[PDB]
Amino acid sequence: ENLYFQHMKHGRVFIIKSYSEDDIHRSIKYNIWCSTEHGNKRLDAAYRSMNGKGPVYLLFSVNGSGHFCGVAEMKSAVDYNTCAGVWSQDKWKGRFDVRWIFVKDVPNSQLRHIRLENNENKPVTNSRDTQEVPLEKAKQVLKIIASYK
């Protein structure tokens, strides 16, 4: 058995959706990310209120890909004023640090039975960018990702 996540009360987990595989590769390479304005604000608020007493995890998936592609931890607050045009499209304003934990493809079939009570009970696999995941469901997703071979 694996009881590691048991007793973790302090943790917040978000879905990250990307239209670009290039941005995923760049994120892995340089340990940085950027979301939408409203996505950034959501993530920044979670990171800042965590106050270092627990992790903010990010579950990454490319739109239309059929799989999640990995997990990173948010590792800084959002800097809203940074170099433009670093990503595939020039829509993004700002940057924050991340540390990647899993770089592995996990099919949606492996995760589609976990549903989110805060998103109308929809499969976690039908989430939008910066959808937050309740902690108990997040623990379930993490364990499946970690154990997928």
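Superpose the two forms; the largest set of C-alphas matching within 1.5 Å is the rigid core. Note that residue numbering begins at 1 and tracks the sequence as displayed.
- [ ] Report the stretch with the higher root mean square CA deviation, pooled over structures and residues in 9 other deposited structures of this protein, choosing between 43-51 and 81-89 after a rigid core fit.
- [x] The more displaced stretch in 9 other deposited structures of this protein turns out to be 81-89.
Open item on the list: Quick check on the record: does 88-96 or 24-32 carry the larger mean Cα temperature factor?
Closed with: Comparing 24-32 with 88-96, the higher average CA B-factor belongs to 88-96.
- [ ] Give the stretch, out of 79-87 and 98-106, with the larger mean C-alpha temperature factor in the deposited entry.
- [x] Mean B over CA atoms: larger for 98-106.
Open item on the list: Between 124, 69, 43, 50, which one tops the list for Cα B-factor in this entry?
Closed with: Answer for 124, 69, 43, 50: 50, with the highest C-alpha B-factor.
Open item on the list: Splitting the chain's C-alpha B-factors into thirds, which one does residue 61 fall into?
Closed with: Bottom third by C-alpha B-factor.
- [ ] Using the B-factor values recorded in the entry, state whether the Cα atom of residue 10 falls in the lowest, middle or highest third among the modelled residues of its chain.
- [x] Within its chain, residue 10 is a highest-third residue by C-alpha B-factor, going by the deposited values.
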